Amino acid sequence: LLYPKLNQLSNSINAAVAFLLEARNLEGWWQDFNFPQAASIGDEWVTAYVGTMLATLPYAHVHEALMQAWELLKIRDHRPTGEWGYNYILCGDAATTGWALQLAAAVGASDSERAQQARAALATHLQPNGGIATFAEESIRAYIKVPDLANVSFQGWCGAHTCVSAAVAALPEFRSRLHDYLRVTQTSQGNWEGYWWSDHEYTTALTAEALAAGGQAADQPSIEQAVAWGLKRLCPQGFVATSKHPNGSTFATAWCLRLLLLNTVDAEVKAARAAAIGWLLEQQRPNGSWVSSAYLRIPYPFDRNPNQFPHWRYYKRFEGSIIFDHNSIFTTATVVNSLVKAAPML
Ligand SMILES: CC1(C)CCC[C@@]2(C)[C@@H]3CC[C@@]4(C)c5c(C(=O)O)cc(O)c(O)c5C[C@@H]4[C@@]3(C)CC[C@H]12
């Protein structure tokens, strides 16, 4: 163990936590992403995700910030299903609701009336193939009023989504029901592919974590296949390269680092994690943040497989475009979660 590197990991994590706590708005929300024409900036979703990312820190002031985040979410009680969504003006969705329920668990509110209502609402999104859809068709169709899209298929936006299913499978109440869908959607390469996210490391890490949490020995080979895929994705320099970031994506690398935590015995895996930690430490900005790289696709509503859509515009309407986390809060929270989880295994 190189104690200077252990200490820099502490200093890096602390700088990022300070960035994130200072980056809250006057009411205490984390905000990120922007649809400038009308939907504006994410809050409920971002807050649920960031709070969940910070939930493994031991700091009492961070637990207080998560308690506050949960109180903010409970005041967002305007939707009749009890779901949360991108922000106040959007309809509920399963992915935001799943992250909010993970935050609830971290602050001891899993058994609350609101958490029970929101879990029930998730059941409505279960599909005949055993996965979870992000949106109810009639709820999201209301936001698309342009003649050219108002009457197209919504079976892309309203079909089962692996990235959403993987996040909901973090909830013990759903893990068993989603198991078979998670198993059948694994590729021959050992990864999963998401719907909304560009970076397959997100879906792959969350899916492998849900299979690990279930503890079934039948799922361990699948988890090891995913870890092997992660090892291939991480280059020797310690990053995951993408077409957009051929010198490394901080968001993809962080999720890859999380995935590699699912094998604690293999020497090559431990060395790869150490390499990823080194690279992430080098990439941190002076203010504690990492550069935005959480790329969110807006497929056309009819698109059942955005992983087969060959021409995204980095953001005119937004269908066929990619947006990102302009505040770097989403990316930074992802990175600091991966570093906090990996540090004890350095
Ligand atoms: C990616 C996700 C789910 C994130 C949570 C928000 C959500 C629902 C979007 C809300 C804003 C929308 C209706 C919009 C707007 C807008 O209202 O500002 C302007 C557009 O030109 C445009 O194509 C669109 C399409 C957008 C989504 C429907 C696409 C999907 C997206």
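For the sequence shown, the numbering used here gives the first residue as 48, with consecutive numbering after it. Positions of the beta carbon are idealized from the N, C-alpha and C atoms, including for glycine.
Counting along the chain, the unbroken alpha helix (DSSP H) around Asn61 starts and ends at 50-69. Scanning its chain for C-beta atoms nearer than 6 Å, with the 5 sequence neighbours on each side dropped, one finds around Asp140 the residues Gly132, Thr181, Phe182, in chain order.
Judged by pairs of C-beta atoms under 8 Å, the stretch 210-226 touches the stretch 257-265, as three or more such pairs exist.
Approximately 5 Å separates the beta-carbon atoms of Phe371 and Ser339; this is inside 8 Å, confirming the contact. Bridge partners of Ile370 according to DSSP: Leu343. Assignment of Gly132 by DSSP, reduced to helix, strand and coil, places it in the strand class.
Comparing C-alpha distances from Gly178 to each of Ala170, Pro357, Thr311 shows the shortest one belongs to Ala170. Relative to ligand 1, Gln84 has its C-beta within less than 7 Å of a heavy atom. Note on geometry: alpha-carbon atoms of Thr300 and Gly285 lie some 8 Å from one another.
Within a 10 Å sphere around the beta-carbon of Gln202 sit fewer than 16 other beta-carbons, which makes this residue exposed.
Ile122: member of the alpha helix (DSSP H) spanning 107-122, first to last residue.
One thing to note: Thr144 has its Cβ no nearer than 8 Å to the Cβ of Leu119.
Secondary structure of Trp244 (DSSP, three-state): strand.
DSSP lists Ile369 as the beta-bridge partner residues of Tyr361.
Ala217 carries a coil assignment under DSSP once its states are collapsed to helix, strand and coil. The stretch 277-351 is shown to contain whole alpha helix (DSSP H) runs of 4 or more residues at 297-307, 314-330, in chain order. Placement of the Cβ of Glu91 at a distance of 7 Å or more from every heavy atom of ligand 1 is found.
Beyond the five residues adjoining it in sequence on each side, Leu48 comes within less than 7 Å, by CB distance, of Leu393 in the same chain, given in chain order. In the three-state reduction of the DSSP assignment, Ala275 falls in the helix class, which pools H, G and I. Here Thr103 really is in contact with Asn384; their C-beta atoms are around 7 Å apart, less than 8 Å. When C-alpha distances from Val274 are compared across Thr289, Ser290, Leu253, the shortest belongs to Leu253.
If you check the CB distance, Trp117 and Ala156 come in under 8 Å. Excluding residues up to 5 positions away in sequence, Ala252, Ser385, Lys388 lie with their Cβ nearer than 7 Å to the Cβ of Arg305 in the same chain. The beta carbon of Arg360 sits no closer than 7 Å to any heavy atom of ligand 1.
Here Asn81 is bridged, per DSSP, to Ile88. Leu113 places its beta carbon 8 Å or farther from that of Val64. Every alpha helix (DSSP H) stretch that sits fully inside the stretch 134-158 and reaches 4 residues is listed by chain position as 141-153. By alpha-carbon distance to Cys138, the top candidate from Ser290, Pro127, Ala147 is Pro127. Distance between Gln78 and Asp90, taken at the CA atoms: about 5 Å. DSSP places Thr381 in the uninterrupted alpha helix (DSSP H) bounded by 376-389.
Annotated as proximal: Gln330 and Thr297, with beta-carbon spacing under 8 Å.
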